[PDB]
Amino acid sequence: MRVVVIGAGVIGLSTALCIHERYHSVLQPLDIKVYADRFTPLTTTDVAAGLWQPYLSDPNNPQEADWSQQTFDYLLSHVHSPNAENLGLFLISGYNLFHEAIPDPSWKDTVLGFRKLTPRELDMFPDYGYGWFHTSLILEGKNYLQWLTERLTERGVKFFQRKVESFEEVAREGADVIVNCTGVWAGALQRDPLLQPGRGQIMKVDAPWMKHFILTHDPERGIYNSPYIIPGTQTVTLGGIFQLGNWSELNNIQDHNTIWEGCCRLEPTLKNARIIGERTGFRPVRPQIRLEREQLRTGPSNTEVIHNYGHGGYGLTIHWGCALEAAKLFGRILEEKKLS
């Protein structure tokens, strides 16, 4: 059994991990390879602050709500583990700010200590009028990816830096099963009109007095397009940029100002913050995550493709549930090959 995972983001490496640990003992000959065009420093998973928060309203598939819950409980059960720091995992509370009362989210009982904001809190934010507060978790892309790599390496999983042209290419060279975790770039190996880049730009800033996250929502600008501040481990993420269909992997001087202006207004203290760096990333935007099997007619036999992509702006939030599920599907293949 030769498995090939394409993708070295969270989805790729996390899915790689679950399939190993769940099956390395039941399949004496289980060889798992990671093929990636980009690695630990240069993936979308690195631009992300890694704040756990799925969508407010239940999207396309309600099975997604579970995968978040799953990812949350998992991370949560390890917030105090001694390796938490390598994982880049930690707790953070903070604010969700609105202009009008809006229904509680589906995840209200997943996070810790959910509640509405009280008058005095809303006073610190003039432009906003209603909102939530709760404790969540942050999983920073950087450390997590690095930790996944270490686990995977001692696990025998070899890593190769290469660009795949086709599933056929890989199938053609020995793979029984291909786990497809190619993020926003999935289109290149198989057309999918429903996968678009939701371009984002963030600013990293030195402001350690900021201990809470602050997310703003606004229908005039839309999902992920109003100012947000997310204190990270070493730095604070200043963002609020979402542009469907923009493939420009390049920081924009106009986007910069937009980030800076809106976060400064939200939180005046940020005025004297030291700017540490800027990054641009593409959210694998899609109506629903493609987490399903496909059988590609390779020629003699066909090969087994598991897709896992289109995690939107919430891939760190849900990755784990997705990986458990992807492994379930891997399990189903095994039986169907009378070699479980």
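Rigid core here is just the name for the largest C-alpha set that superposes within 1.5 Å across the two forms. Quick note: we count residues from 1 along the sequence shown, nothing fancier.
Put simply, when the other structures in 6 other deposited structures of this protein are lined up on the rigid core, the C-alpha atoms of 216-224 lie farther off than those of the other stretch, from 216-224 and 186-194. Higher average CA B factor: 266-274, of the stretches 266-274 and 209-217.
Per-stretch averaging of Cα B factors for 293-301 and 63-71 places 293-301 on top. Which of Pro82, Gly187, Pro231, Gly200 has the largest Cα B-factor in the deposited entry comes down to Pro82. Comparing C-alpha B-factors across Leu30, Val34, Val285, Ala48 in the deposited entry, the largest value falls on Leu30.
Among the modelled residues of its chain, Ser57 has a C-alpha B-factor that falls in the highest third, as given in the PDB entry.
When the modelled residues of the chain are ordered by their C-alpha B factor, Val170 lands in the highest third. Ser106: CA B factor lies in the highest third for its chain, per the PDB record. Ranked within its chain, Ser25 lands in the highest third, by CA B factor from the PDB record. For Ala8, the recorded CA temperature factor ranks within the lowest third of the chain's modelled residues.
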